[PDB]
(Lines of atoms letter the chains of each structure in order from A and count residues from 1; the text may use other names and numbers.)
(Lines give C-alpha, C1' and ligand atoms only; values in the text may rest on other atoms or scores of the structure.)
Protein backbone atom coordinates (compact mmCIF):
# COMPACT_ATOMS: atom_id res chain seq x y z
CA UNK A 1 0.00 0.00 0.00
CA UNK A 2 1.91 3.01 1.29
CA UNK A 3 5.69 3.52 0.92
CA UNK A 4 7.79 5.67 3.26
CA UNK A 5 11.57 6.09 2.93
CA UNK A 6 13.51 6.94 6.09
CA UNK A 7 17.21 7.91 6.22
CA UNK A 8 19.25 8.00 9.44
CA UNK A 9 22.15 10.48 9.71
CA UNK A 10 24.50 11.69 12.43
CA UNK A 11 28.05 11.34 13.76
CA UNK A 12 29.93 8.07 13.79
CA UNK A 13 29.55 6.18 17.08
CA UNK A 14 26.22 7.82 18.04
CA UNK A 15 24.37 4.53 17.57
CA UNK A 16 22.76 4.77 14.11
CA UNK A 17 23.40 1.11 13.20
CA UNK A 18 22.50 -0.34 16.61
CA UNK A 19 19.29 1.72 16.51
CA UNK A 20 18.31 0.09 13.19
CA UNK A 21 19.51 -3.42 14.05
CA UNK A 22 17.87 -3.27 17.47
CA UNK A 23 14.58 -2.06 15.97
CA UNK A 24 14.48 -4.48 13.00
CA UNK A 25 15.80 -7.66 14.68
CA UNK A 26 14.26 -6.94 18.08
CA UNK A 27 17.66 -7.48 19.74
CA UNK A 28 20.65 -5.26 20.49
CA UNK A 29 23.90 -6.34 18.69
CA UNK A 30 26.47 -6.04 21.48
CA UNK A 31 29.16 -8.00 19.63
CA UNK A 32 29.85 -7.47 15.94
CA UNK A 33 28.42 -4.22 14.61
CA UNK A 34 28.89 -3.50 10.90
CA UNK A 35 29.76 0.06 9.94
CA UNK A 36 26.46 0.27 8.12
CA UNK A 37 23.25 -1.76 8.27
CA UNK A 38 21.82 -3.11 5.01
CA UNK A 39 18.56 -1.68 3.63
CA UNK A 40 15.44 -3.38 5.02
CA UNK A 41 11.74 -2.53 5.00
CA UNK A 42 9.41 -2.76 7.99
CA UNK A 43 5.76 -3.68 7.35
CA UNK A 44 4.04 -1.68 10.08
CA UNK A 45 0.49 -0.79 11.11
CA UNK A 46 -0.35 2.73 12.30
CA UNK A 47 -4.07 2.87 13.18
CA UNK A 48 -5.50 0.61 10.39
CA UNK A 49 -2.83 1.98 8.01
CA UNK A 50 -0.58 -0.49 6.08
CA UNK A 51 2.87 1.14 5.92
CA UNK A 52 6.04 -0.21 4.28
CA UNK A 53 8.94 1.62 5.93
CA UNK A 54 12.23 1.43 4.05
CA UNK A 55 15.18 2.04 6.37
CA UNK A 56 18.53 3.50 5.29
CA UNK A 57 21.68 3.66 7.42
CA UNK A 58 24.56 6.04 6.53
CA UNK A 59 28.36 6.20 6.73
CA UNK A 60 28.92 9.29 8.87
CA UNK A 61 32.62 9.71 8.07
CA UNK A 62 33.87 12.94 6.52
CA UNK A 63 35.54 10.76 3.86
CA UNK A 64 32.10 9.88 2.48
CA UNK A 65 30.68 13.42 2.46
CA UNK A 66 30.45 13.03 -1.33
CA UNK A 67 28.89 9.50 -1.44
CA UNK A 68 26.42 9.59 1.49
CA UNK A 69 24.10 12.22 -0.10
CA UNK A 70 23.38 9.81 -2.98
CA UNK A 71 20.85 8.08 -0.71
CA UNK A 72 18.98 11.32 0.08
CA UNK A 73 16.81 11.56 -3.09
CA UNK A 74 13.16 10.55 -2.57
CA UNK A 75 13.49 10.54 1.21
CA UNK A 76 10.23 11.16 3.06
CA UNK A 77 11.68 11.59 6.54
CA UNK A 78 15.11 11.97 8.13
CA UNK A 79 16.21 10.87 11.59
CA UNK A 80 19.07 13.15 12.69
CA UNK A 81 20.86 11.44 15.57
CA UNK A 82 23.13 12.61 18.34
CA UNK A 83 24.18 10.75 21.47
CA UNK A 84 22.74 12.03 24.75
CA UNK A 85 26.17 11.44 26.30
CA UNK A 86 28.13 13.21 23.54
CA UNK A 87 27.96 17.03 23.44
CA UNK A 88 30.24 16.92 20.37
CA UNK A 89 27.70 14.94 18.34
CA UNK A 90 25.04 17.38 19.53
CA UNK A 91 26.97 20.40 18.19
CA UNK A 92 27.77 18.47 15.01
CA UNK A 93 24.02 18.52 14.31
CA UNK A 94 24.19 22.32 14.39
CA UNK A 95 27.42 22.59 12.38
CA UNK A 96 27.10 19.66 9.97
CA UNK A 97 24.04 17.41 9.89
CA UNK A 98 21.16 19.90 9.81
CA UNK A 99 22.92 22.10 7.21
CA UNK A 100 23.69 19.02 5.08
CA UNK A 101 20.17 17.54 5.29
CA UNK A 102 18.60 20.93 4.50
CA UNK A 103 20.95 21.68 1.62
CA UNK A 104 20.02 18.43 -0.13
CA UNK A 105 16.36 18.25 0.96
CA UNK A 106 14.79 21.64 1.92
CA UNK A 107 11.24 20.41 2.60
CA UNK A 108 11.61 16.90 4.05
CA UNK A 109 10.61 16.49 7.74
CA UNK A 110 13.31 15.97 10.38
CA UNK A 111 13.06 14.04 13.63
CA UNK A 112 15.82 14.83 16.16
CA UNK A 113 16.75 11.68 18.07
CA UNK A 114 18.74 11.55 21.27
CA UNK A 115 20.45 8.17 21.51
CA UNK A 116 21.96 6.11 24.34
CA UNK A 117 19.36 7.30 26.86
CA UNK A 118 20.33 4.44 29.20
CA UNK A 119 23.77 6.05 29.67
CA UNK A 120 22.53 9.50 30.73
CA UNK A 121 22.04 8.22 34.30
CA UNK A 122 25.15 5.99 34.20
CA UNK A 123 27.51 7.05 36.99
CA UNK A 124 30.71 5.98 35.22
CA UNK A 125 29.65 7.64 31.95
CA UNK A 126 28.75 10.86 33.80
CA UNK A 127 32.09 10.91 35.72
CA UNK A 128 34.08 10.36 32.51
CA UNK A 129 32.38 13.35 30.90
CA UNK A 130 32.90 15.50 34.00
CA UNK A 131 36.63 14.72 33.81
CA UNK A 132 36.73 16.41 30.38
CA UNK A 133 34.47 19.23 31.69
CA UNK A 134 31.45 17.85 29.82
CA UNK A 135 27.97 16.75 30.90
CA UNK A 136 25.20 14.71 29.26
CA UNK A 137 22.58 16.38 27.08
CA UNK A 138 19.48 16.97 29.24
CA UNK A 139 15.92 16.88 27.91
CA UNK A 140 15.74 20.73 27.87
CA UNK A 141 19.02 20.92 25.93
CA UNK A 142 17.88 18.41 23.33
CA UNK A 143 14.45 20.04 23.01
CA UNK A 144 16.25 23.37 22.55
CA UNK A 145 18.27 21.98 19.61
CA UNK A 146 15.06 20.58 18.05
CA UNK A 147 13.51 24.05 18.08
CA UNK A 148 16.64 25.59 16.50
CA UNK A 149 16.49 23.17 13.56
CA UNK A 150 12.67 23.31 13.36
CA UNK A 151 12.33 19.53 13.70
CA UNK A 152 8.88 17.94 13.61
CA UNK A 153 9.58 15.93 16.79
CA UNK A 154 12.23 15.45 19.51
CA UNK A 155 12.62 11.96 20.86
CA UNK A 156 15.02 10.15 23.17
CA UNK A 157 15.65 6.42 23.04
CA UNK A 158 17.96 3.55 23.90
CA UNK A 159 18.69 0.79 21.41
CA UNK A 160 20.30 -1.20 24.26
CA UNK A 161 17.25 -1.39 26.57
CA UNK A 162 14.81 -0.47 23.77
CA UNK A 163 13.18 2.31 25.80
CA UNK A 164 11.31 4.61 23.41
CA UNK A 165 12.89 2.87 20.40
CA UNK A 166 9.68 1.77 18.63
CA UNK A 167 8.22 5.25 19.19
CA UNK A 168 10.99 6.74 17.03
CA UNK A 169 9.91 4.82 13.93
CA UNK A 170 6.18 5.34 14.56
CA UNK A 171 6.79 9.10 14.69
CA UNK A 172 8.90 8.98 11.50
CA UNK A 173 5.78 7.58 9.81
CA UNK A 174 3.34 10.03 11.41
CA UNK A 175 5.60 12.85 10.17
CA UNK A 176 4.77 11.73 6.62
CA UNK A 177 1.13 10.61 7.02
CA UNK A 178 0.18 13.71 9.04
CA UNK A 179 2.45 16.50 7.71
CA UNK A 180 1.74 20.23 7.35
CA UNK A 181 1.37 21.94 3.95
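Residue numbers count along the first chain shown, from 1.
Taking the PDB entry as given, 23-31 carries the higher mean Cα B factor of the two stretches 62-70 and 23-31. Here the stretch with the larger average CA B-factor, out of 36-44 and 111-119, is 36-44.
For residue 11, the recorded CA B-factor ranks within the lowest third of the chain. Only modelled residues enter the ranking. Among all modelled residues in its chain, residue 136 ranks in the lowest third by Cα B-factor. Residue 142 sits in the lowest third of its chain by CA B factor, as recorded in the PDB entry. Residue 155: CA B factor lies in the lowest third for its chain, per the PDB record.
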